[PDB]
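Colleague: I have a structure I would like to understand better, so I am pasting it below and will then ask my questions one at a time.
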Amino acid sequence: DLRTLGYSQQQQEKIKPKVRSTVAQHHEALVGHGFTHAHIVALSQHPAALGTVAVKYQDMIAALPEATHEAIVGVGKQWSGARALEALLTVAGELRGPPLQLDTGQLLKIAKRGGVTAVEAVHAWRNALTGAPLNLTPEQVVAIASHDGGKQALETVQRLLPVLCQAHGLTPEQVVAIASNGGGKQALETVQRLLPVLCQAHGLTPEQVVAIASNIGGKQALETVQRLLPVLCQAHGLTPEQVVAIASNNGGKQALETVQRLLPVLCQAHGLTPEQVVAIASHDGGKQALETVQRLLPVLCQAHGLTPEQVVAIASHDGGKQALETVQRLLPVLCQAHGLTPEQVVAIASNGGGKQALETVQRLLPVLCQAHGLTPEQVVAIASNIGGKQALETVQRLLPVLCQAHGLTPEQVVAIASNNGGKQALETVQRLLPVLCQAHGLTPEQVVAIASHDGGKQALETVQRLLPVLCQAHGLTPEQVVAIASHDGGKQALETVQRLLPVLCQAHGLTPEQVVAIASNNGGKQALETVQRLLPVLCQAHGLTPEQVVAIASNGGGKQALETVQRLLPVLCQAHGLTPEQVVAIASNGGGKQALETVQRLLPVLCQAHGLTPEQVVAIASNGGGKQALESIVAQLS
Amino acid sequence: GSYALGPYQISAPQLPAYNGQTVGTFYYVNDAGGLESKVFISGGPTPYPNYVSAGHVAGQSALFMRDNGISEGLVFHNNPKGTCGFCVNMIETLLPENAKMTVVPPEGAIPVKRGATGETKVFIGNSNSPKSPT
DNA sequence: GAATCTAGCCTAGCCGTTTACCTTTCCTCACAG
DNA sequence: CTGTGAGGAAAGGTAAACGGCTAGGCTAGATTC
Ligand SMILES: [Zn+2]
């Protein structure tokens, strides 16, 4: 009957038998309003929503001017689709004023994720929520009331925030984080009931307890931990941090039970250190990964090569069972028809959502290779990141337009797309290349360099927002801004530089070039904060100058190097006869913390059993790659 | 070194000077058992003033070995410091297709400059030609 | 039925450490202006 | 009385590669009133 209206066989099969008459009824009105067939099929999980949308649509647009068809369909297909919309048609006007200035997106999100009950609950208690003794910002209210189970976290927060924050002692953001997940009421009650017992008898710090209870599915990990911590720590010989890490994920109770059941079998029959088992069982769906590994290790290790280390590497990510099954299913056809080495397949599959990446590679290798001219290595590099399916599908669509309408070589597009979140970077480049090139005076090479890193979209947006203020009010050339923004986390580095430059240059006597040098590496914000915190301590308690601190911090992981230097300067200078200049020289390269620890551990051996003076080992350690040379070139050959 | 064939054992008389340039010996045979140090001391006139090894004591073999000696070579040195680093490389070109080099006295085992390894290698078989000056 | 609580699976963004591939130095037992 | 050529070694130096963590979303099935 629905074939006449123009529905395909699959779409007709999807619709439930008893709701096809309602579609045949309200099809013409929906098509007139501008809905597609797929939208109508999707808006059928709730049969009562069809009439509500068909009859009342102009009011919906008038109350929500920015709402599109997809948002309306998403809101009106859940278990309370009709009543949520009919409450949005009556509460939206009052919710847009004080005390919560709410926009259309927040209203749609809260409705879709909470239902009519959440909508009316937020509408009623807004005055009590935004005020003493709570003092909650509207964003926190939206975050709390945007989960299936709302209208229960709000009352529990109102009733329990002072009690938790006064007697036990917790920062209010911790309580909000606990209550901002599904079933947060149970989590709050269980924390209130079990915090002192776990903190007194089992010797756990409150931060760990909060970390366990900040996941969906709580109230089950706390009790399971209380029951199973002693037996795991005594019988199987584990450590409390390992148990906490196991239990700090979704379904941690199942992971703990499966670990208890299957640790000896995996550690005896197959051959696997307990660290590998802990690494496997420290992700969402850990029990599935453990059982699948137990089932599939011999077959994959015997019939497909695939040494056990590779299997463990594959299974140590979220959704590690689907990846293993997909690898078992698709290794022969991928290595026998498309000409791919097993290592490439393993590299593709060793990421979150690897099954989708493998399927997309199998689907799109020939078309990319023979219609756009790409080497298989380029496709593998594109697909070897998180969300590689989206990257491949976006490249297939946006390659010719960027290569023709913008004069970009395929190598640049491949370099842009071969990173985490590369789907967004290509669209941002397509949107923002002319504006950045014309209104700011930047060459396309600089734009490509900014965009060719993780989180490049945020970097481009921040550069556009902050180039004039930094260039004019702080005396910085655009080249310095590009250099800061090139690396990963460029937005954070730019914001931290803008916030922290004046006080650093005034209260501490540092030149702007030193700040630029500090902030021009990965994680430069942490380096800047650590320098600001530790410069007066290091320059007064110990004998150091700002140049040495800058040299230590002008490298990757400068925060760790500074903290390690602070911790280990007296120990090395009062027991091994090393001057501070040598310690600074050791720590002024990449991986300086490990170099210092290795030198401390290995100096007595190299001085009492090999015939090497301190200056020689210092000279070995002072160059890049010091741990490797001291640990495996001078201490294992002899 | 103390190993070699032919009508001669393997040892050299040593001259302790510590001043001057160098004193060296050679032991080569083409068809007879005739051999001597050939009064090699330091550098004089050679048709290769551009190559620094052509004035060093070891490198002087090239002259009269490219002309005569396709055989191996034996040398001993009277400078107890070690083989210059310029002759560790740069020496392989200036011989015929195959030849051999020998050891220095144990005293020269205290190098301070770059290179200068003791018990020098056999220095066998490079195939290119010495380059003409200018 | 009406609301609410538990387990798995996929996408982005940020912070540290180790390895492969180029490029700027170092080397005399000589000598000239 | 202080500054010059050929030839492969080691050695500084920037970028690419390889690990691991955190925050947030969406869907299907189970449980309580
Ligand atoms: Zn020489």
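By convention here, the chains of the structure tokens are called A, B, ... in the order presented, each chain's residues are numbered starting at 1, and ligands are numbered starting at 1 in the order presented.
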Near residue 2 of chain D, counting only C-alpha atoms (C1' of nucleotides), which residues have an atom at most 12 Å away, once you skip same-chain residues fewer than 5 positions from it, shown as a PyMOL selection string?
Modeller: chain C and resi 31-33
Colleague: Taking only C-alpha atoms (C1' of nucleotides) into account, report as JSON, numbers by chain which residues of chain A lie within 12 Å of chain D.
Modeller: {"A": [74, 78, 109, 112, 113, 143, 146, 147, 148, 177, 180, 181, 214, 215, 279, 283, 313, 316, 317, 347, 350, 351, 381, 487, 555, 589, 590, 620, 622, 623, 624, 625]}
Colleague: Residues within 7 Å of ligand 1, counting only C-alpha atoms (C1' of nucleotides) and all ligand atoms: report them as a short mmCIF file (atom, residue, chain, number, x, y, z; two decimals) with N, CA, C and O atoms (P, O5', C5', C4', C3', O3' and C1' of nucleotides), in the first residue's frame.
Modeller:
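Output file selection24.cif follows:
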data_model
loop_
_atom_site.label_atom_id
_atom_site.label_comp_id
_atom_site.auth_asym_id
_atom_site.auth_seq_id
_atom_site.Cartn_x
_atom_site.Cartn_y
_atom_site.Cartn_z
N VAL B 52 97.04 15.14 1.66
CA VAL B 52 97.81 15.22 2.90
C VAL B 52 98.44 13.88 3.24
O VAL B 52 99.49 13.82 3.89
N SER B 53 97.82 12.78 2.81
CA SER B 53 98.41 11.47 3.06
C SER B 53 99.64 11.21 2.22
O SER B 53 100.41 10.29 2.54
N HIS B 56 102.59 11.89 4.41
CA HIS B 56 102.68 11.16 5.69
C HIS B 56 103.57 9.94 5.41
O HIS B 56 103.80 9.64 4.22
N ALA B 58 103.22 6.59 6.10
CA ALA B 58 102.58 5.38 5.58
C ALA B 58 102.18 5.55 4.11
O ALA B 58 102.39 4.64 3.30
N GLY B 59 101.62 6.70 3.76
CA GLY B 59 101.12 6.93 2.42
C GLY B 59 102.18 6.95 1.34
O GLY B 59 101.84 6.87 0.16
N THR B 83 98.46 6.29 14.28
CA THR B 83 98.22 6.60 12.87
C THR B 83 97.28 7.77 12.75
O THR B 83 96.17 7.71 13.28
N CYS B 84 97.73 8.79 12.01
CA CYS B 84 96.94 10.03 11.81
C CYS B 84 95.56 9.65 11.31
O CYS B 84 95.42 8.64 10.60
N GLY B 85 94.58 10.46 11.67
CA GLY B 85 93.22 10.18 11.21
C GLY B 85 93.04 10.58 9.78
O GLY B 85 91.96 10.31 9.24
N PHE B 86 94.03 11.19 9.16
CA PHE B 86 93.78 11.66 7.78
C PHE B 86 94.02 10.48 6.89
O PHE B 86 93.47 10.37 5.80
N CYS B 87 94.83 9.56 7.39
CA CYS B 87 95.19 8.38 6.62
C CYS B 87 94.32 7.17 6.93
O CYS B 87 94.51 6.12 6.31
P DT C 28 95.77 17.16 13.47
"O5'" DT C 28 97.03 16.22 13.19
"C5'" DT C 28 97.14 15.55 11.95
"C4'" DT C 28 98.60 15.35 11.58
"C3'" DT C 28 99.57 16.22 12.36
"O3'" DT C 28 100.83 15.57 12.44
"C1'" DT C 28 99.60 16.86 10.10
P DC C 29 101.79 15.85 13.70
"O5'" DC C 29 103.26 15.87 13.07
"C5'" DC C 29 104.03 14.68 13.04
"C4'" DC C 29 104.94 14.65 11.83
"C3'" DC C 29 104.32 15.20 10.56
"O3'" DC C 29 105.33 15.62 9.66
"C1'" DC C 29 104.50 12.84 10.41
#
Colleague: So that I can check the surroundings of segment 12-20 of chain C, please list as a VMD selection string every protein, DNA and RNA residue that reaches within 6 Å of it, counting only C-alpha atoms (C1' of nucleotides) and ignoring chain neighbours fewer than 5 positions away.
Modeller: chain A and resid 421 455 489 523 557 591
Colleague: Kindly give the distance, in Å, that separates atom CA of residue 3 of chain B and atom CA of residue 64 of chain B, rounded to a single decimal.
Modeller: 23.4 Å
Colleague: DSSP on the backbone, strand (DSSP E) only: what residues of chain B does that give? Format it as a count of residues only.
Modeller: 6
Colleague: Can you pull out the residues contacting segment 7-9 of chain B? Cut-off 12 Å, using only C-alpha atoms (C1' of nucleotides), and skip same-chain residues under 4 positions away; I want them as a PDB file with C-alpha atoms, in the first residue's frame.
Modeller:
ATOM      1  CA  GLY B   1     102.866  -7.742  14.287  1.00  0.00           C
ATOM      2  CA  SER B   2     104.766 -11.030  14.273  1.00  0.00           C
ATOM      3  CA  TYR B   3     103.196 -12.960  11.370  1.00  0.00           C
ATOM      4  CA  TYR B  27     109.057  -5.201   3.798  1.00  0.00           C
ATOM      5  CA  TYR B  28     108.057  -5.971   0.204  1.00  0.00           C
ATOM      6  CA  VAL B  29     108.964  -8.702  -2.281  1.00  0.00           C
ATOM      7  CA  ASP B  31     110.005 -11.931  -7.244  1.00  0.00           C
ATOM      8  CA  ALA B  32     113.165 -12.010  -5.092  1.00  0.00           C
ATOM      9  CA  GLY B  33     113.489 -11.989  -1.323  1.00  0.00           C
ATOM     10  CA  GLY B  34     114.958  -8.496  -1.433  1.00  0.00           C
ATOM     11  CA  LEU B  35     113.525  -5.910   0.948  1.00  0.00           C
ATOM     12  CA  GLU B  36     114.589  -3.030   3.186  1.00  0.00           C
ATOM     13  CA  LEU B  74     104.543  -4.439   5.825  1.00  0.00           C
TER      14      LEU B  74
END
Colleague: For chain D against chain B, with a cut-off of 12 Å and counting only C-alpha atoms (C1' of nucleotides), what is the closest atom pair and its distance in Å to one decimal for every residue that makes the cut, ordered by chain and number, as a Markdown table?
Modeller:
| residue | atom | partner | partner_atom | distance |
| --- | --- | --- | --- | --- |
| D:4 | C1' | B:50 | CA | 10.0 |
| D:5 | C1' | B:50 | CA | 5.5 |
| D:6 | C1' | B:51 | CA | 6.6 |
| D:7 | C1' | B:90 | CA | 5.5 |
| D:8 | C1' | B:89 | CA | 6.0 |
| D:9 | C1' | B:115 | CA | 8.0 |
| D:10 | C1' | B:114 | CA | 9.2 |
Colleague: Considering only C-alpha atoms (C1' of nucleotides), can you say which of C:21, C:30, C:10, C:2 comes closest to chain A?
Modeller: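 Using only C-alpha atoms (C1' of nucleotides), the shortest distance to chain A belongs to C:10.
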Colleague: Quick one: pull the distance between atom CA of residue 117 of chain B and atom CA of residue 11 of chain B, Å, one decimal.
Modeller: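 Between atom CA of residue 117 of chain B and atom CA of residue 11 of chain B the gap is 20.7 Å.
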Colleague: Nearest to residue 21 of chain A among A:274, A:47, A:543, A:218, with distances taken over only C-alpha atoms: which residue is it?
Modeller: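 The answer is A:47, which sits nearest to residue 21 of chain A.
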Colleague: Kindly give the distance, in Å, that separates atom CA of residue 306 of chain A and atom CA of residue 344 of chain A, rounded to a single decimal.
Modeller: 12.1 Å
Colleague: At a cut-off of 8 Å, can you tabulate as a tab-separated table every residue of chain A near chain C together with its closest atom pair and the distance in Å to one decimal, using only C-alpha atoms (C1' of nucleotides) and ordering rows by chain then number?
Modeller:
residue	atom	partner	partner_atom	distance
A:148	CA	C:4	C1'	7.1
A:149	CA	C:4	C1'	5.1
A:182	CA	C:5	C1'	7.2
A:183	CA	C:5	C1'	5.7
A:216	CA	C:6	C1'	7.4
A:217	CA	C:6	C1'	5.1
A:250	CA	C:7	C1'	6.9
A:251	CA	C:7	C1'	5.7
A:284	CA	C:8	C1'	6.5
A:285	CA	C:8	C1'	5.5
A:318	CA	C:9	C1'	7.0
A:319	CA	C:9	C1'	5.5
A:352	CA	C:10	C1'	7.0
A:353	CA	C:10	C1'	5.6
A:386	CA	C:11	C1'	7.0
A:387	CA	C:11	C1'	5.9
A:420	CA	C:12	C1'	6.9
A:421	CA	C:12	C1'	5.5
A:454	CA	C:13	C1'	6.9
A:455	CA	C:13	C1'	5.8
A:488	CA	C:14	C1'	7.0
A:489	CA	C:14	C1'	5.8
A:522	CA	C:15	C1'	6.7
A:523	CA	C:15	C1'	5.4
A:556	CA	C:16	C1'	7.0
A:557	CA	C:16	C1'	5.8
A:590	CA	C:17	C1'	7.3
A:591	CA	C:17	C1'	5.9
Colleague: Restricting the output to N, CA and C atoms, write the selected residues as a PDB file, in the first residue's frame.
Modeller:
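Output saved as again_2.pdb:
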ATOM      1  N   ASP A 148      19.026  10.674  30.430  1.00  0.00           N
ATOM      2  CA  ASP A 148      17.841   9.856  30.674  1.00  0.00           C
ATOM      3  C   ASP A 148      17.826   9.451  32.142  1.00  0.00           C
ATOM      4  N   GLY A 149      16.959  10.093  32.916  1.00  0.00           N
ATOM      5  CA  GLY A 149      16.928   9.883  34.346  1.00  0.00           C
ATOM      6  C   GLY A 149      16.945  11.184  35.116  1.00  0.00           C
ATOM      7  N   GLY A 182      24.279   9.243  33.810  1.00  0.00           N
ATOM      8  CA  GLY A 182      23.088   8.436  33.994  1.00  0.00           C
ATOM      9  C   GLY A 182      23.059   7.732  35.334  1.00  0.00           C
ATOM     10  N   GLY A 183      21.937   7.831  36.040  1.00  0.00           N
ATOM     11  CA  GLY A 183      21.848   7.287  37.383  1.00  0.00           C
ATOM     12  C   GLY A 183      22.728   7.996  38.391  1.00  0.00           C
ATOM     13  N   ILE A 216      28.962   6.208  34.095  1.00  0.00           N
ATOM     14  CA  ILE A 216      27.620   5.647  33.996  1.00  0.00           C
ATOM     15  C   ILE A 216      27.670   4.174  34.373  1.00  0.00           C
ATOM     16  N   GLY A 217      26.786   3.769  35.275  1.00  0.00           N
ATOM     17  CA  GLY A 217      26.835   2.448  35.856  1.00  0.00           C
ATOM     18  C   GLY A 217      27.431   2.378  37.242  1.00  0.00           C
ATOM     19  N   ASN A 250      33.310   2.087  32.396  1.00  0.00           N
ATOM     20  CA  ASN A 250      31.936   1.610  32.312  1.00  0.00           C
ATOM     21  C   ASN A 250      31.895   0.095  32.456  1.00  0.00           C
ATOM     22  N   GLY A 251      30.958  -0.393  33.262  1.00  0.00           N
ATOM     23  CA  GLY A 251      30.892  -1.818  33.538  1.00  0.00           C
ATOM     24  C   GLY A 251      32.116  -2.352  34.249  1.00  0.00           C
ATOM     25  N   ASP A 284      36.230   0.063  28.375  1.00  0.00           N
ATOM     26  CA  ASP A 284      34.815  -0.273  28.306  1.00  0.00           C
ATOM     27  C   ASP A 284      34.622  -1.585  27.556  1.00  0.00           C
ATOM     28  N   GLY A 285      33.773  -2.448  28.102  1.00  0.00           N
ATOM     29  CA  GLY A 285      33.647  -3.796  27.582  1.00  0.00           C
ATOM     30  C   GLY A 285      34.885  -4.642  27.793  1.00  0.00           C
ATOM     31  N   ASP A 318      38.938   0.387  23.272  1.00  0.00           N
ATOM     32  CA  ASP A 318      37.491   0.272  23.384  1.00  0.00           C
ATOM     33  C   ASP A 318      36.922  -0.445  22.168  1.00  0.00           C
ATOM     34  N   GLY A 319      36.001  -1.369  22.417  1.00  0.00           N
ATOM     35  CA  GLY A 319      35.482  -2.195  21.339  1.00  0.00           C
ATOM     36  C   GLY A 319      36.527  -3.104  20.730  1.00  0.00           C
ATOM     37  N   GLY A 352      40.587   2.873  18.216  1.00  0.00           N
ATOM     38  CA  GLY A 352      39.169   2.891  18.511  1.00  0.00           C
ATOM     39  C   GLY A 352      38.327   2.891  17.252  1.00  0.00           C
ATOM     40  N   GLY A 353      37.342   2.003  17.187  1.00  0.00           N
ATOM     41  CA  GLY A 353      36.536   1.864  15.986  1.00  0.00           C
ATOM     42  C   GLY A 353      37.294   1.339  14.785  1.00  0.00           C
ATOM     43  N   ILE A 386      42.046   7.503  14.596  1.00  0.00           N
ATOM     44  CA  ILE A 386      40.701   7.419  15.147  1.00  0.00           C
ATOM     45  C   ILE A 386      39.729   8.110  14.202  1.00  0.00           C
ATOM     46  N   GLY A 387      38.647   7.418  13.861  1.00  0.00           N
ATOM     47  CA  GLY A 387      37.700   7.937  12.893  1.00  0.00           C
ATOM     48  C   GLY A 387      38.248   8.043  11.486  1.00  0.00           C
ATOM     49  N   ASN A 420      44.072  12.776  13.633  1.00  0.00           N
ATOM     50  CA  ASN A 420      42.837  12.611  14.387  1.00  0.00           C
ATOM     51  C   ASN A 420      41.896  13.778  14.114  1.00  0.00           C
ATOM     52  N   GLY A 421      40.635  13.462  13.847  1.00  0.00           N
ATOM     53  CA  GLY A 421      39.668  14.488  13.499  1.00  0.00           C
ATOM     54  C   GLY A 421      39.964  15.190  12.193  1.00  0.00           C
ATOM     55  N   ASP A 454      46.733  17.598  14.929  1.00  0.00           N
ATOM     56  CA  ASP A 454      45.542  17.229  15.681  1.00  0.00           C
ATOM     57  C   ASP A 454      44.867  18.474  16.242  1.00  0.00           C
ATOM     58  N   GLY A 455      43.552  18.553  16.073  1.00  0.00           N
ATOM     59  CA  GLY A 455      42.820  19.741  16.471  1.00  0.00           C
ATOM     60  C   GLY A 455      43.164  20.970  15.658  1.00  0.00           C
ATOM     61  N   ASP A 488      50.421  20.737  18.175  1.00  0.00           N
ATOM     62  CA  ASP A 488      49.185  20.234  18.758  1.00  0.00           C
ATOM     63  C   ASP A 488      48.794  21.061  19.978  1.00  0.00           C
ATOM     64  N   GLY A 489      47.488  21.229  20.164  1.00  0.00           N
ATOM     65  CA  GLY A 489      47.001  22.097  21.222  1.00  0.00           C
ATOM     66  C   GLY A 489      47.371  23.547  21.013  1.00  0.00           C
ATOM     67  N   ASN A 522      54.840  20.927  21.988  1.00  0.00           N
ATOM     68  CA  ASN A 522      53.656  20.210  22.444  1.00  0.00           C
ATOM     69  C   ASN A 522      53.455  20.423  23.938  1.00  0.00           C
ATOM     70  N   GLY A 523      52.224  20.744  24.323  1.00  0.00           N
ATOM     71  CA  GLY A 523      51.932  21.019  25.721  1.00  0.00           C
ATOM     72  C   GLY A 523      52.658  22.225  26.273  1.00  0.00           C
ATOM     73  N   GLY A 556      60.100  19.570  24.617  1.00  0.00           N
ATOM     74  CA  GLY A 556      58.950  18.730  24.885  1.00  0.00           C
ATOM     75  C   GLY A 556      58.988  18.121  26.270  1.00  0.00           C
ATOM     76  N   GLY A 557      57.882  18.215  26.999  1.00  0.00           N
ATOM     77  CA  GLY A 557      57.847  17.737  28.370  1.00  0.00           C
ATOM     78  C   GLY A 557      58.725  18.524  29.318  1.00  0.00           C
ATOM     79  N   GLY A 590      65.199  16.384  25.008  1.00  0.00           N
ATOM     80  CA  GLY A 590      63.982  15.591  25.063  1.00  0.00           C
ATOM     81  C   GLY A 590      64.182  14.331  25.886  1.00  0.00           C
ATOM     82  N   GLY A 591      63.189  14.016  26.709  1.00  0.00           N
ATOM     83  CA  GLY A 591      63.307  12.898  27.626  1.00  0.00           C
ATOM     84  C   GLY A 591      64.355  13.102  28.697  1.00  0.00           C
TER      85      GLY A 591
END
